[PDB]
Ligand SMILES: [Mg+2]
């Protein structure tokens, strides 16, 4: 209870306000260095927007500003694409708010986060409620 | 261990952060190099 | 053009016109046997045969492990495989929930009786001459059929039944009167497997070898 | 007795045309597809009173159509080309700005050679090489018969470019995967003709990516063309389905012909170049005048009840409807192309306009006599041939429409010169 | 639960891992040795930020997976960024722009370093669950929840003007919360 | 065409499951699900300001939703009100 | 067009089936499907 | 007054919230139905999703007043719009204990080997070939076949034959050219010219009952939508 009360009070002003902050930086997630098992590498990329085009020879698998589903992760692990650049709350250009593309896909409805959704309260609750069990 | 850890020294830590695209030489610029004056 | 070369498994250094061949697609291979002109396209010629990876133009000579016919024979094709239904990922509002594939593994070529046409009023099939086409070994061999039926050659080949078991490796010709209904063989195999599993489970008890199976 | 409607002249289409789509997530509300001699068309089967918002009549999913992006990274959102297939080397070796129909034609040819694909069943309803109105499948005789040198030159250059592309990409040393797509050089020309006469440019959004692409959508290419449309295409991103929605406020009765706009705001030459279609009521076709005589614009718009800004001219019926039945797209295009002068609120002088109208009329007469034929001769030729080639029919209709536009301009100038003095 | 509470509210950087403390105390020294230009401070701050974020996320995800619960990484990253988004200026450089003891934002500090030539030295400070909440742009709700005594005293002494850009601020006020149906624009 | 399927269809039409489908269908054309709520609230306020007692069959929100569903080609009852004719 | 099942259906199987039906049909269809499954399960139990 | 109360509460949404609001889905909106008693009746799935306890869990009932609150409660806070947990996206409304037990008893089947036959079947018929699942359910309701009794159901060559990667046990290739492929769970009768004549499935009444109920629910939803 106290942990949830503190975590909610830490992040409350974080509300999705803009559609694209305009950043050009993304974190690099690789299985050989970052995620030793495959399940973690799959769970990290589900619902994340790409930051750079993923090329395989002369053909592109997925371009920038494109959501990632389980099918794209399966294609990545089949085609052996190690360097993957995704957009994350760490590479956003603000500490008071986040944009739709930096957050990604909402698991409530299954699309981009709608403007005005309190992602901070949702994150605090989703981190606090598993602590009881 | 068994986690993501940068090297100990800085010389190869720079190549590591360039590998993960955390920083690069194209990001090193001040007002001088930006606004392009030579009398400084 | 009729052309035959060495038995080494490599490219023939040219491409063939597929219009004069039979394309029998397998899981990991595809075969080409020359087809002479005919009203119904069933006349084969095992003098020329080529193997190729699926959807490729790299032709090669297959592995022959049995004496092949050197004459135009009329045969019928029958596939032997197992369906593979998988659950694909759903990343779309109406993505298909399942995927079905035939996944053929062996192809049987049963020569007709006396090379007769299907429209003949007295049509029959010759089970003593069956050619299997393996997909894992790229081989085409003959079927070691076991003809167990009273009558010999004088018996008319209109009351017969080829039973195939053991993953397409056992062939037996029996009359159509002593056949087994599907439920019978299903129950037989299930009973055998269940008894084997039960004897395994119980073997690990100290009261074994002094017990009885009632 | 049967109701006399424009849709009653045609017969109902094959129910398989709708059955092959209804098994997928395709729906058609209040619409009935009807086939005739010219081709298929979409009509209405229910009276749609003036609505406050748009009403959807078609729902075409994404997995039923082809899509190629307009930018440099070619992303096919319906993934039908596996990685490693040599057709992507043909699609990629193209200029990303001038030739976009080549990639659509190649994608259509590949979709024609892929199992469990909708276009293997839909290809039976596309026009063949004898009922297509495109000018790529035409001869030198019909191109010379057009009596237009620039259009004939452009069409010959385009045919040459198509043949050269087919000869350069489909050579002898090509693997069989590509050779079986278009064995004859006429197949590629027909594919280009279908990709050029049925393509739709629309900005689509999937997931988080918003891009503009060229898509060949089924059941929506049957919509005819009209410069006063009744429907428009809309992209729904929540279900990835394209919609055809009636405009808000327009009243649709039973038997009406549902139409959309192809290339809104273009000349009548590009229509004949791309779709092989010509209309005499085009409100944008340009007539070039070399004379220096200038008619008055505001009086010319007031006499014909053409009220509106220079960008949007409409005929105001409630000013005069029965009196002005002459007011069609032709007079609008004339008022847009006639050399006009306007200096504030200065009133026009009848002598100056009476001297300018005769100069305009003699210029129209000297430019009309340049054609070897006349109007009545072409009008008799068009119906003298009951069943002729579609290209020759399109060419003679193009010539007839040009001559009818000139005649309409002359008659409108006469009405203006005789009605300016009330 | 105690592991999560002590890795979130960091008592000391060596408490979660001595490797991180050793790496930071090597980074700062070797980046003061070489690259004395503000670019050195910038690259050192970026490296420390990246390493700290990665280590914290990994430790939290490991302590969560050990029990069997599954939580997506975005919820963790939202809090982790707020934990380590501020930098602390050293106590040896003073000018008319900033004071030796201040807690300024990371992006603001980097942009001032790229803009101003005056010697500005800052070291990444890892705030805590409680400490980061006590330093916010509002004093009504996000600051007056724990102390309620000095957070009002200092605010009344400075004459702070608070713009109601939060949720609990408008909750305490009584107006419409700018979230969801209230978020206009 | 399942023969024994009219009972659950009548149950859907009577219990009030049509509105749960209509809301989800209307939320398929709007990007934000908050602007849609605001627009429906504004339309309901404008419709209840004109005629107080004549807000519809029973309420105004259901009336607005029925009007929005009837302008798209889907016949719906007036404010989703269908009494039971078998009530003695 | 649902997959025909001939094996036992435990809790994880039902969870995966619901997660796939939500993505293939939507929440509107899934609510009624789950209600009917609940009714049939109660009747059988 | 009760009639007017029913007419008022006919379409007015009401909000229910548990006293401990531990989870994020603890506050939901419902449509009130006039019931007799001193206890609030809720759906089993929502009760399982709201952390139901053995003890009496107190429920607070709130009624919105303004139009905006009613629109928000009817369009956002309903249960059919929130079925996926915000943690990772798993369905929060899953069948409870009794429903899972019923489904398991339905789809479990029965014994297949030594537990159904005493002696080896190598020395020596099943239920008649049911052309439709309706006939099978009718025979089960008439108490002529048991719930675990195997039967043959004629499948209308839907080609969605669900099985494993297992070759058939026997292939009876006759002389005329029509061979029967006998599998562990189904039978495919194929003629000479590669034609699937008949397909029969060997299953029980529970599997076909579940399949039929799901298919009929889908079809009834699609029809009531129109
Ligand atoms: Mg309790």
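Since chain A takes its numbers from Swiss-Prot, the residues it shows come out as 204-336.
So how was this one determined? The header says electron microscopy, 3.0 Å.
A Cβ is built for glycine as well, from the same backbone N, Cα and C atoms used for every other residue.
Straight from Swiss-Prot, the features:
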BINDING   A:224, A:295, A:302, A:305  Zn(2+) binding site
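Features as recorded by Swiss-Prot, highlighted on the structure.
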residue	record	CB count, 10 Å
A:224	Zn(2+) binding site	17
A:295	Zn(2+) binding site	20
A:302	Zn(2+) binding site	23
A:305	Zn(2+) binding site	27
**Prompt:** Beyond A:224, A:295, A:302, A:305, what residues of that chain have CB atoms within 8 A of the centre of the Zn(2+) site's CB atoms?
**Reply:** A:221, A:223, A:226, A:290, A:292, A:294, A:296, A:297, A:300, A:301, A:303, A:304, A:306
**Item:** Structural state of residue A:295 (Zn(2+) binding site), classified by DSSP into three states
**Value:** coil
